[PDB]
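Fold and contact review
Below are the chains, spelled out letter by letter.
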Amino acid sequence: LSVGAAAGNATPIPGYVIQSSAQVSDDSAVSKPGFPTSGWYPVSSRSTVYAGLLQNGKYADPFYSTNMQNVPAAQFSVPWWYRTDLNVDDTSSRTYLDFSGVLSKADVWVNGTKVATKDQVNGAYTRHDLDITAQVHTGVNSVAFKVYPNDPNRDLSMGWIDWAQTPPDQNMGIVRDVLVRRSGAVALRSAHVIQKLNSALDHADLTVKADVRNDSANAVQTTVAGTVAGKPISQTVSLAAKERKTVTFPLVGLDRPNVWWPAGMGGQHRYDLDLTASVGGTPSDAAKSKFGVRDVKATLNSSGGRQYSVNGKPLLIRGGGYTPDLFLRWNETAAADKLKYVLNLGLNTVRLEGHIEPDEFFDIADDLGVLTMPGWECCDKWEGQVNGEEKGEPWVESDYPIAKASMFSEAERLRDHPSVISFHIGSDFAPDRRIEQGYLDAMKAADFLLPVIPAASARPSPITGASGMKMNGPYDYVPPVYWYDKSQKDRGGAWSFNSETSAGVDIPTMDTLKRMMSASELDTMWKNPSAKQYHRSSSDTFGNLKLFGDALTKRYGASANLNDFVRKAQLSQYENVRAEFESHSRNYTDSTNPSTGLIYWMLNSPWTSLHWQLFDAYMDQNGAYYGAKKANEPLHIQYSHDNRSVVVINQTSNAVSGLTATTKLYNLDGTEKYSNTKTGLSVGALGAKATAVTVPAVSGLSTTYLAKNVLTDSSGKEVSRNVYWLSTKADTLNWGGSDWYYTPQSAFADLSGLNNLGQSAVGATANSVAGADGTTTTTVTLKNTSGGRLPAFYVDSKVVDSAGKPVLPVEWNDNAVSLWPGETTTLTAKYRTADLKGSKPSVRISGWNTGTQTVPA
Ligand SMILES: N[C@@H]1[C@@H](O)[C@H](O)[C@@H](CO)O[C@H]1O
């Protein structure tokens, strides 16, 4: 590692060697140049200890079976060292270490001098700016962090709640970059742009702020100058030796600003701020950043629901709870791939319940137009002062400035990312008055001006007040009609802001299953859903798949083998996730107690999982993924499980007219039993709706039957197709048996007729184009080629290599399609040509009642 002396240099440390403090008897020795490190583990930047150990071989893949249980965790109850050399050719410039992401805390050492202790460098989110100029010399220098064990119940850090299983090291280590900064007499810090747009969105005012600190021995004059949004700015201030000042620039007007919008509502432009602090007509330090020109509000409606708006347009939040990797393994491409899946699902938002990602994650969210809802997490140290018998320790005096500093450092990091639409200062429990005041003060000090939400539950805080949100569950199996409930004011139906809910178990694709679980584990899964599954949750409540398995059997019919269990799981998950979203889209425009938000629990999993996910840890796409994608189409037709109304939803930024909605019921033998064609429908922009028809009680339906809903635009183009498998037997709730995480059923729909749906046929041609942008698009033309009346039902197309392995990540325009005899659809999948790994592409096509084939693409 070499760092130049250039003013404004800020170079990330690319890697470390690590070893347990068990092997280090003299702490001061480690950071002396020449300290031997034989047997130490080389690890990349942003590594937890265990991730470093995995990078070196040292344990088997924790994504497979119970491999993670075989790691001795005692070794992580003592500190580990992160060490690097640093070459400095020229000590003319001052030298700083600027970092955050230390879990839980650290002593910091340079060339045999302890520059900071774990009392100062404490908390995952706290930022540190350590001037190490006195310690640095020309040639080989050495830097070492003694990183202390992490306990999320004790430390203001990150924990995993009940999402997965506990990482053996509790994620101890350094999970963001440590920057080596160089600068002259004056350091430049905290440069940012306060931006205020008018209601017409055609003029903005910019107030640039930046701090300058004179770390030299003598008084200086400094000039802070550069550009904001293409316009020149310059201020000159005096600084005493050791003085820090905030420089405020005179207001800058910006006409016809290139306003940042959420995806689909306009562009995702960010402007640049570029500053240099100069001393004696020579640069001393420099900083470049971005900001977006966007207004956001989050207010309580007349029903008490939290209602977001961006640039004066109200939105229904449609999102998922986002999580990083279980061992905080960072990959910039992977972050991009995950946020891109958000938009392929048609979602608009992700929630981060703690685990707040490095800066690049928010850069990508900004660039893609994905809204973000960061905040502190429940159920550990963060809520320890207010959450009673729940996990997390009561706070002592030294906790208060760590929390406040954590808030200041996150507010400072997040304030100029336009994707950020709020910060949750509480999750579960709202903070008390003292803690809340600390957070509000930190945010004001950082000019963090975004909406503050006191909790994701219905709990108010003393100052900010009512949350406008609810956390009533469920987190486990409930039938599709559950989501249409508005009668139960303590449950999770479509009304108010649903900040975290799902129907629990989300079995991944067979391809993923075979990568995460052994033959014997998979066998238990379908034979005994009641058995604990390591790849569900460490929580007793969510340790097994019983509620899911019982419902699947009741409602699909008993599983005959593993393949049967999996195919049925995919329908149940598509059916459920679809209803969850669709109910919330429908009730968004209710006059009273509308739904104002939905955060699916969860978008994704920290690892290979059996629950709470839309896409799995390998980026594969199952029935839950496809069901969410179906429900969130920009021009969409849907069927209401409560009242049988056919409803059109327009997610787009423009009102649409001249639509026709066609609804047809079929028995499983293919007989049409009902048809309705509703022409001339209009529907307003940004989540508004129109009712096409209420399907009547039709006579002579098979016990399981099909509803085919089709929306066509005024040109005649089919813009949405949506096929439901329905029963003449209702799912109904035993509401009085409700617990915090689910409501049991008093009767079960009968969808078991699908077991005996006759065979149909498809019908497949595929071709691929490798583009100059490094992507390949594969186009597949599917046709129901059968000679009878039977639809080809639930046809899943997968891009695969020559070995039949899924090419991932992948983005389809549509998938999991249903085609009546003689009907054709053309589907389009896009992925990185490089992810084929030299293979020609093929397409695996599997339908519920059409078998499996692969065709060359
Ligand atoms: N905010 C938490 C989530 O993190 C958790 O997964 C869910 C299910 O236990 O409960 C909520 O209390």
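Residues numbered from 1 in each chain as written, not as in the entry; some residues may be left out. Heavy atoms only, no water. Residues with missing side-chain atoms left out of burial classes, pairs and counts.

Going by what the PDB entry lists, the protein chain is known as EXO-BETA-D-GLUCOSAMINIDASE and is assigned to Amycolatopsis orientalis. Heading Catalytic activity of the UniProt record for the protein chain holds this comment: "Hydrolysis of chitosan or chitosan oligosaccharides to remove successive D-glucosamine residues from the non-reducing termini." (UniProt positions renumbered as here; feature names shortened; annotations may be inferred.)

Focus on the overall build of the protein chain
Check the secondary structure of the protein chain and you find 11 helices and 49 strands. Taking 2.2 N^0.38 as the reference for a compact globule, 857 residues should give roughly 29 Å; the C-alpha atoms of the protein chain span a radius of gyration of 28 Å, in line with that estimate. Taking the principal axes of its C-alpha atoms as reference, the protein chain extends roughly 90 × 60 × 55 Å. Taking the contacts inside the protein chain whose residues are at least 6 apart along the sequence as the reference set, 71% of them involve residues at least 24 apart. (Helix = DSSP H or I, 4+ residues; strand = E, 2+ residues; numbered from the N terminus. Rg over C-alpha atoms; globule rule 2.2 N^0.38 Å. Contact = heavy atoms within 4.5 Å.)

Description of the site of the ligand
Taken together, 14 residues surround the ligand, and among them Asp162, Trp163, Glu353, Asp428 and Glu500 come closest. Here an oxygen atom of the ligand sits 2.7 Å away from a polar atom, N or O, in the side chain of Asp162. Look at the ligand: alone it shows 320 Å² of surface, and the protein chains cover 94% of it. Counted by class, the shell around the ligand contains 9 nonpolar, 1 polar and 4 charged residues. Taken domain by domain, the makeup of the shell around the ligand includes at least three residues from each of domain 1 (1-184) and domain 3 (295-633). (Near = heavy atom within 4 Å. Polar contact = N/O pair within 3.5 Å; in protein donor to acceptor, adjacent residues only side chain to side chain. Areas by Shrake-Rupley, 256 points an atom, 1.4 Å probe, with all protein chains shown as cover. Nonpolar A, V, L, I, M, F, W, Y, C, P; charged D, E, K, R; others polar. Domains from an automatic or database assignment.)

A short note on the state of the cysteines
Under the defined criterion, the tally for this structure stands at 1 disulfide. Residue pairing for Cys378: its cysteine sulfur links by disulfide to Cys379, the two sulfurs lying 2.1 Å apart. Here the S-S torsion is close to -90 degrees, and the disulfide linking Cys378 with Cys379 is therefore left-handed. Per residue, the accessibility class of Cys378 equals that of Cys379, and both read buried. (Disulfide = S-S within 2.5 Å. Buried < 20%, exposed > 50% of the residue type's maximum accessible area, 1.4 Å probe, protein only.)

Side note on the domain arrangement of the protein chain
Partitioning the protein chain into domains gives domain 1 (1-184), domain 2 (185-294), domain 3 (295-633), domain 4 (634-756) and domain 5 (757-857). With centres defined by C-alpha atoms, the gap from domain 1 to domain 5 works out at 47 Å.

With respect to helix α11 (residues 623-631)
Taking burial as the measure, the 9 residues of α11 include 9 buried ones, the bulk of the element. Among all positions of α11, only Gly623, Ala624, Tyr625, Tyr626, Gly627, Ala628, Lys629, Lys630 and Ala631 are buried. With a side-chain oxygen positioned 3.1 Å from the backbone nitrogen of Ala624, the residue opening α11 is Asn622.

Some points on the UniProt feature "active site" in the protein chain
UniProt annotation of "active site" refers to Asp428 and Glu500 when read in the numbering used here. Judged by maximum C-alpha separation, these annotated positions cover 73 residues in sequence but sit close together in space, the widest gap being only 10.6 Å. Overall, the relative accessible area of 14% leaves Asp428 in the buried class. Non-local contacts of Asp428, meaning those with residues more than four positions away in its chain, are made with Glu353, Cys378, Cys379, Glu383, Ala455, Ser457, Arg459 and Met471. Here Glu500 lies in strand β31 (residues 496-501). The buried category is assigned to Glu500, whose relative accessible area is 5%. The contact partners of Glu500, leaving out residues within four places of it in the chain, are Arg351, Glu353, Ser427, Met471, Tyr475, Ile599 and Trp601.

As for the environment of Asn544
By the secondary structure assignment, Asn544 is in the loop between α8 (519-527) and α9 (546-556). For the pair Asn544 and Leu610, spaced 66 residues apart in sequence, the C-alpha to C-alpha distance is 9.5 Å. Residues in contact with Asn544, not counting those within four places in the same chain, are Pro529, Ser530, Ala531, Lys532, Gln533 and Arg536. Side-chain polar atoms of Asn544 contact the backbone nitrogen of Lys546, separated by 3.0 Å.

Quick notes on the pattern of salt bridges
Taken as a whole and judged by the stated rule, the model has 51 salt bridges. Shared partners join several salt bridges into a network, and the residues in it are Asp129, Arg189, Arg213, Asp215 and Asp285. (Salt bridge = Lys/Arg side-chain N within 4 Å of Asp/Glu carboxyl O.)

Looking at the side chain of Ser559
Its place among the elements puts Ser559 in the loop between α9 and α10 (562-587). What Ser559 contacts, discounting residues up to four positions off in sequence, is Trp526, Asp564, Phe565 and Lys568.

Thoughts on the side chain of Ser409
Position of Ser409 among the secondary structure elements: in helix α5 (residues 399-414). Judged by relative accessible area, which is 8%, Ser409 ranks as buried. For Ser409, the side chain forms a polar contact with the main-chain nitrogen of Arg127, separated by 3.1 Å. The contacts of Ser409, once residues within four sequence positions are left out, are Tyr125, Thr126 and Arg127.

Description of the packing of α5 against helix α6 (residues 433-445)
Relative to each other, α5 and α6 sit at 35 degrees, their axes nearing to 8 Å. Relative to α6, the crossing made by α5 is right-handed. Along its contact with α5, which presents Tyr400, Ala403, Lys404, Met407, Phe408 and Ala411, the element α6 presents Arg434, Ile435, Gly438, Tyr439, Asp441, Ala442, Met443 and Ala445. Within the contact of α5 with α6, the residues separate by chemical class into 10 nonpolar, 1 polar and 3 charged. (Axes fitted to C-alpha atoms, helices over the stretch in contact; angles between N-to-C directions. Left-handed = near helix turned anticlockwise from the far one by under 90°.)

A few points about the pairing of strand β25 (residues 317-321)
Judged by how many residues are buried, β25 sits mostly within the fold: 5 of 5 residues are covered. Alternating positions in β25 separate into two faces, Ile317, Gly319 and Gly321 on one and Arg318 and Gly320 on the other, with burial throughout. In this sheet, strand β32 (residues 595-600) lies alongside β25 in parallel orientation, the contact comprising 4 bridges. Each bridged residue has a counterpart across the sheet, and for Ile317 the counterpart in β32 is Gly597. For β25 and strand β26 (residues 349-353), the ladder comprises 3 bridges, and the chain directions are parallel. Each bridged residue has a counterpart across the sheet, and for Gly321 the counterpart in β26 is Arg351. (Pairing = 2+ DSSP bridges.)

Concerning the sheet that holds strand β16 (residues 220-228)
Reading across the sheet, the 4 strands line up as β17-β16-β20-β21 and stay open at both edges, with antiparallel pairing between neighbours. The outermost strands of the open sheet, each flanked by one partner alone, are β17 (231-239) and β21 (282-291). Geometrically, the sheet is characterised by an average inter-axis angle of 15 degrees between neighbouring strands, direction not taken into account. Relative to β17, β16 runs antiparallel, the two being bridged by 9 bridges. Bridge pairing links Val224 to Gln235 in β17.

Here's the deal with the sheet that holds strand β39 (residues 718-727)
Strands in a sheet are paired, the pairing made by backbone hydrogen bonds, and the direction either parallel or antiparallel. Spatially, 4 strands are ordered β36-β35-β38-β39 in an open sheet, and the strand pairing comes out antiparallel. Two strands in the sheet have a free side with no partner beyond their single neighbour: β36 (672-683) and β39. Each strand of the sheet is rotated relative to its neighbour by a mean of 15 degrees, with strand direction disregarded. Both strand β38 (residues 704-712) and β39 contribute to a ladder of 9 bridges, which runs antiparallel. Bridging across to β39, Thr712 finds its partner in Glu718.

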